[PDB]
2 protein chains.
Amino acid sequence: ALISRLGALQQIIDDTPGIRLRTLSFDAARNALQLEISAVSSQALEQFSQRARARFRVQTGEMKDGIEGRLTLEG
Amino acid sequence: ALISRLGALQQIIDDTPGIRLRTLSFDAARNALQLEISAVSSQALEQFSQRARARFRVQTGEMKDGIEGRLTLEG
C-alpha cells in the first residue's frame with residue numbers, strides 16, 4: 001500500500017519532464033500519502049496531475065520562478 | 001535512496017515485535033527521512049532503535065498507554 005504505490009508514483013514523476021518530488025508525507029491512520037511537487041511550469045504540473053489521476057484517485061491541486069503541486073492520495 | 005531505504009526500514013519495523021509506523025516524512029532537499037513510531041513499551045522501542053542504528057546512521061529519540069519514537073535518517 002505504501003511501498004508499491006511509492007514505486008508507481010516515482011515512475012510517473014520520473015516519466016514526466018519538468019517535475020521533481022519536493023516532499024512526501026504518509027499518515028498510517030488515514031492511509032494517506034501527501035506529495036508536494038516542484039514544476040518548471042503550469043503545463044508540466046498538468047502533465048503530471050493527469051498521469052497521477054490516470055493511475056490513482058484524484059487531481060493534484062493548490063500551486064503556490066516557483067510552481068508547486070499537491071497530490072493527496074488515499075488508499 | 002528513498003525507495004530502497006524504505007524497504008529496509010519496513011523490514012526492520014516488520015521484524016520488530018511491538019512496533020508500528022505512525023507517520024513518515026521525506027524532504028528531498030535535506031535528503032532526510034523522518035519516522036514516527038508507535039510502540040507497546042520502552043523495551044520494544046529500544047529493540048527497534050538498535051536495529052535501525054545497526055542498518056542506518058543514528059539512534060531513535062524523543063518519546064512522548066502511548067509511547068512514540070523519532071528516527072531522522074539522513075543519506
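Atom set for the values below is all heavy atoms of this structure, side chains included, hydrogens, waters and symmetry mates excluded. Proteins get letters first, then strands, A, B, ... in listed order; numbering begins at 1 in each.
Listed here is the closest heavy atom pair of A:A32 and A:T72: CB-CG2, 4.5 Å. In plain terms, the two heavy atoms of A:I19 and A:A39 that are nearest each other are CD1-CB, 3.8 Å.
The structure places CD of A:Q34 at 12.0 Å from OG1 of B:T23, a figure rounded to the nearest 0.5 Å. To the nearest 0.5 Å, atoms OG (B:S38) and CD1 (B:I13) are separated by 10.5 Å.
Linking ILVMFWY residues whenever their side-chain heavy atoms come closer than 4.5 Å, directly or via other members, places A:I37 and A:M63 in the same cluster.
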Decide side-chain contact (heavy atoms from CB on, under 4.5 Å) for B:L35 and B:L21; before the verdict, give the C-alpha distance in whole Å, the side-chain angles of both, and the deciding distance to 0.1 Å. CA-CA 7 Å; B:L35 258 82; B:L21 184 53; 4.1 Å; yes
For B:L2 and B:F26: C-alpha separation, side-chain torsions, deciding distance, then whether side-chain contact (heavy atoms from CB on, under 4.5 Å) applies. CA-CA 8 Å; B:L2 176 48; B:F26 177 78; 3.8 Å; yes
Checking A:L24 against A:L33 for the side-chain contact (heavy atoms from CB on, under 4.5 Å) test, could you report, in this order, the C-alpha distance in whole Å, the side-chain angles of both residues, the deciding distance, and whether it holds? CA-CA 7 Å; A:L24 178 140; A:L33 189 52; 3.7 Å; yes
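B:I3 places a side-chain heavy atom less than 4.5 Å from the side chain of A:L6.
Residues satisfying the side chain to side chain donor-acceptor pair (under 3.5 Å) test with B:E74, not counting sequence neighbours, are none. Shown here are the salt bridge (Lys or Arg N to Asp or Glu O under 4.0 Å) partners of B:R22, two or more places apart in sequence or in another chain: B:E36, B:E68. Remark: A:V58 pairs with A:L71, A:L73 by the side chain to side chain contact (heavy atoms under 4.5 Å, CB included) rule, at least two apart or across chains.
Note on residues 23-34 of chain B: pairs passing salt bridge (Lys or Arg N to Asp or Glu O under 4.0 Å), not counting sequence neighbours, are B:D27-B:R30. Applying the salt bridge (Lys or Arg N to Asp or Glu O under 4.0 Å) test to residues at least two apart or on different chains, none of the pairs has a partner in residues 8-21 of chain B.
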Side-chain donor-acceptor contacts of residues 44-56 of chain A below 3.5 Å, not counting sequence neighbours, with atom names and distances?
{"residue": "A:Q47", "atom": "NE2", "partner": "A:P17", "partner atom": "O", "Å": "3.2"}
{"residue": "A:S49", "atom": "OG", "partner": "A:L45", "partner atom": "O", "Å": "2.5"}
{"residue": "A:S49", "atom": "OG", "partner": "A:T60", "partner atom": "OG1", "Å": "2.7"}
{"residue": "A:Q50", "atom": "OE1", "partner": "A:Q59", "partner atom": "NE2", "Å": "3.0"}
{"residue": "A:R51", "atom": "NE", "partner": "A:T16", "partner atom": "OG1", "Å": "3.0"}

